[PDB]
Every structure is written in structure tokens, then in C-alpha cells.
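>>> Need a 3D model of the sequence below.
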Amino acid sequence: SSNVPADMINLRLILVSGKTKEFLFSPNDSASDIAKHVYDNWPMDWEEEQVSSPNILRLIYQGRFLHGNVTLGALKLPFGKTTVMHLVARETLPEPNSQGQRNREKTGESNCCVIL
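Numbers count the residues shown, from 1 in each chain. The structure is reproduced below:
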């Protein structure tokens, strides 16, 4: 990651194991989703603890946990500069069960019932 453009935020993800990964990310991305992404492969559908634990994915904005999945922009990051973060994951399984269960999140999709 060389030269951080004004549309992107340079983010360093530090994992609990003491491994530090740094990549250029978008301020609209969520630190905990990124944490799973920086660990290895892209998160599919909330890599939590198997019997369900959402609080196991949290983000530390060095000294303080801002939230469990709050975005870099929301952490207050000037774009074009390097930001370091500490990420915590607990009892997390790499890929929950591989569903990739998501919502449509796309206009054109979602067939709702009509009557008019």
C-alpha cells in the first residue's frame, strides 16, 4: 500500500495473536468484517462463535473499543493517512457454515407482495 488516495483509508489490522496486517480499505468498510478479511479469506456471513456470540467481534481503536462493527469513517479517520487498529475475535470460526447468508441489499431484487 503506497500512497493513500483521498477516497481510501490506510488501515492496519492487528489481530489478537499479535500479527499485524495492513491494507488499504475504504472508510465505509467495517473493522470487524475487515478483521476476518485480513485474517485470511473474505467473511461470508458473520463469523461468530458457533452457538452464537456477536460480541466476540469487536474493534479496538487503540485503547478503546468503539463498537462491534463500526466503520472506519465513523471511527473518525482522515482519508489518505495510515490508521492502526487492534481487532479482537473470540471463539470465532473461520467461515460459520459457509452459507454466505446475506440479504439482497440491491434494488431490483426482493419480491414483495403487491396488490394495486
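>>> Where do the strands of this protein begin and end?
9-14, 20-25, 57-60, 65-67, 82-89 (DSSP state E).
>>> Let's see the longest one as CSV, backbone CA atoms only.
To tie it back to what came earlier, the one meant is strand 82-89. Provided in CSV are the C-alpha atoms of strand 82-89 (Å, rounded to 0.1, in the frame of the first residue of the first chain):
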residue,chain,number,x,y,z
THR,A,82,-2.4,5.4,8.0
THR,A,83,-4.5,4.2,10.9
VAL,A,84,-3.7,1.3,13.2
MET,A,85,-6.3,-0.7,14.9
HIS,A,86,-6.5,-3.7,17.2
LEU,A,87,-9.1,-6.2,16.5
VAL,A,88,-10.5,-8.8,18.8
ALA,A,89,-12.2,-12.1,17.8
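>>> show me what contacts residue 87?
13-16, 31-32, 34-35, 38, 58-60 (C-beta atoms under 8 Å, 6 or more residues apart in numbering). All C-beta atoms are positioned from the backbone trio N, CA, C, and that covers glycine.
>>> Setting the sequence-adjacent residues aside, check what's closest to the most centrally placed residue in the chain.
Nearest to the mean C-alpha position of the chain, by C-alpha atoms, centre = their mean, lies residue 33 at 2.1 Å. In space, and not counting its chain neighbours, residue 33 is closest to residue 43: 5.3 Å by C-beta to C-beta, 6 or more residues apart in numbering.
>>> ok, that neighbour - how many residues close by?
21 (other C-beta atoms under 10 Å).
>>> quick one: it from residue 92, how far?
Going from residue 43 to residue 92 by C-beta to C-beta, to the nearest Å gives 10 Å.
>>> which residues do these two both contact?
What both residue 43 and residue 92 touch, as defined by C-beta under 8 Å, 6+ apart, is the set residue 36.
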